[PDB]
Structures are given as structure tokens and as C-alpha cells.
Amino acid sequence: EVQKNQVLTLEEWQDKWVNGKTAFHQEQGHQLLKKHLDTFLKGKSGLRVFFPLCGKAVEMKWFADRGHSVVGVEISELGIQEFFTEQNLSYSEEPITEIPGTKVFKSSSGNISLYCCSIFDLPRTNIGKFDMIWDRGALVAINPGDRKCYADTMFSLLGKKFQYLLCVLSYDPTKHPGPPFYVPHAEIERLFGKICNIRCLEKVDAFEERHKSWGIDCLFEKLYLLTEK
């Protein structure tokens, strides 16, 4: 409960993009996902995959290239345009009618749609249900107090059977206030334990030189696989 009162605003996240402060972005993609990708998609085709707080995650293309439909939500229009530019994809726009002033960016390929609004606006849209969710730099970027609402929101997006892939970071919360925030095993059990079977697939050192700016000297990444209980 040390970071419990941290409250970031959407304007602050949008400013990080405008100012180029996006060190969370991994150009080569998540290595743990890469390792387990073939197993998670074994025997499946044409899945609908959701990427909350997607930024310009290259992993979205990995799924689209394998025949799966991808939907993401990101508050920064700049981040979304950077995704299309870097993946060399053309796109067109459409209004999100239920949330005046916002838009959804759709690739010409028809395989990727990026909603440019808040994840908390989604329940009021017709985004529908998903077979799979890839959550990295998402549950851990959400204001601590908003996590229960975030979890409830995610559940309303899931189909009967699903695979919720979740990445969280393990570090001493008294040394760095976040983001990304500290989401311990207990918090995952509190937020998802009633509805999901929880499996911790991997735990690996993720400390990089850039992390010294956080004031920590230790950093571990854990990959969880949550499925219908």
C-alpha cells in the first residue's frame, strides 16, 4: 500500500509521448512472449486478441501476421500513429460514436484496430469479446486505486474460455513510486483469483541500465497465464 495514492492523469501520459519519454517500449518485442508464443497459439486460428494500453507494441503485428485479429486501446494518438508508421501500415479513421471526440484507427489490412480513448471508456462501446489478452505495461501502468475497476473492465471483455497473459514487475516499492507500479502476487490473486486459475510461467531478471534512474538495483519480470477457473 506504499504507492496506493499515486494518481497519474491522461494528459501526463500523453505528454510523455509528445516529449519522447517512452523508454518502456521494447523495439524487438517481449522475449518471454516470443519464447511461449507458439505454445499459447497452438491449435488456434482466427483468435481475437486485445492489447490494453498498447502504446506502439510490436507484438500486435506478431499476432496479426499469424492470422489473428488485434484490437488495442491507447490514449495517445501520437503513439498510435507511430505504430502504423513503424510497422509500415496504412490506416484510416472512424469515430467512436459513444465517446464524442475520439477515434478508432483501423489498418487497411483489416487485422488491427486501435481505439484512441481511455480503457475506462470501453464498457460504453461495442468492442465485444476476446479470446486472448496480452497485458504488459498495462495493469502495471494503471493508477493503483483504479486496479479493481481495471480488472472488472477486463473481465467484461473476455469470452467463456480465454487466456489472459499478464506481465508484472517485481521490485521494492519504497524505492520507486511508479509507474510502472508494483503489483504483487497477492494483488493478482485479489483482482483475478475468484474467476481465474493462476499460473506463473516465468520469472526472469529484467534489470537494464535504464532502471538505475528508478533508484532500484533489482528488477524481475513475471509472466502469468490466467484462464477460466
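Numbering starts at 1 and follows the sequence shown.
A summary of the deposited B-factors shows that, of 53 to 61 and 39 to 47, the stretch with the larger mean C-alpha value is 39 to 47. Note on 94 to 102 vs 139 to 147: mean CA B-factor is higher in 94 to 102. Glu77: CA B factor lies in the middle third for its chain, per the PDB record.
Among all modelled residues in its chain, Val183 ranks in the lowest third by Cα B-factor.
Per the PDB record, residue ranking by Cα B-factor puts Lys160 in the highest third of the chain. Ranked against the other modelled residues of its chain, the C-alpha B-factor of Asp121 as given in the entry falls in the middle third.
Ranked by C-alpha B-factor against the other modelled residues of its chain, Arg66 falls in the middle third.
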